């Protein structure tokens, strides 16, 4: 059956989804995620979109604001709207599968609502592809691929030049924050290859 989704859990509760098409496969995935980690995923959704204060109060306002200033929702949405039917099926299925479990949860909360929801005083709401996408954007791209301290760096370089003079100051910055260091142990050995690009290390943009 093209509509059949089988879920089999192993000795550790780990789910294996069996389905025929893209949408049904990820529907199953979303379904088990909602069974296993609904509260964790609900709060994750909120962290990545900056809507924690809605449920936890004033101590999270600054946090919410910082989250929102660090991305552009409409751009994320446009990336989703440009997705092919097959790719969309991944995000839509996943969101739908979660929704299927969430509907069952809010229909019979006396036995299915994770205790944390009663404890924090709110109930779970449905998901859309945007939400699924932001889990990834907020916890992977923003946590691990969004690092820079250039402003602080220029501040440090500026102090070094004030203390040691211009030429020496530049030299000390290249000593505390080198661009490259040839003695750095590398995952790819020198025998294999090297990076062919050379960079300015004199702040020549000024």
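Numbering follows the first chain given and starts at 1.
Undergrad: Given the B-factors recorded for C-alpha atoms, which segment has the greater mean, 109-117 or 92-100?
TA: Taking the mean B-factor of the alpha carbons in each, 109-117 is higher.
Undergrad: With respect to the recorded C-alpha B factors, which stretch has the higher mean value, 131-139 or 80-88?
TA: Of 80-88 and 131-139, the stretch with the higher C-alpha B-factor average is 80-88.
Undergrad: Among 193, 187, 183, 20, which residue carries the highest C-alpha B-factor recorded in the PDB entry?
TA: Across 193, 187, 183, 20, the entry lists the biggest C-alpha B-factor for 20.
Undergrad: Consider only the C-alpha atoms of the modelled residues in this chain, order them by B-factor as the entry records it, and name the third containing residue 59: lowest, middle or highest.
TA: Its C-alpha B-factor, which the entry lists for residue 59, ranks in the highest third among residues of this chain.
Undergrad: Can you work out whether the C-alpha temperature factor of residue 172 puts it in the lowest, middle or highest third of the chain?
TA: Bottom third by C-alpha B-factor.
Undergrad: How does residue 45 rank on Cα B-factor within its chain, lowest, middle or highest third?
TA: Lowest third, going by the recorded CA B-factors of the chain.
Undergrad: Place residue 37 in the lowest, middle or highest third of its chain's C-alpha B-factors, as listed in the PDB entry.
TA: Within its chain, residue 37 is a lowest-third residue by C-alpha B-factor, going by the deposited values.
Undergrad: If you rank the chain by CA B-factor, which third does residue 154 end up in: lowest, middle or highest?
TA: It belongs to the middle third of the chain when residues are ordered by C-alpha B-factor.
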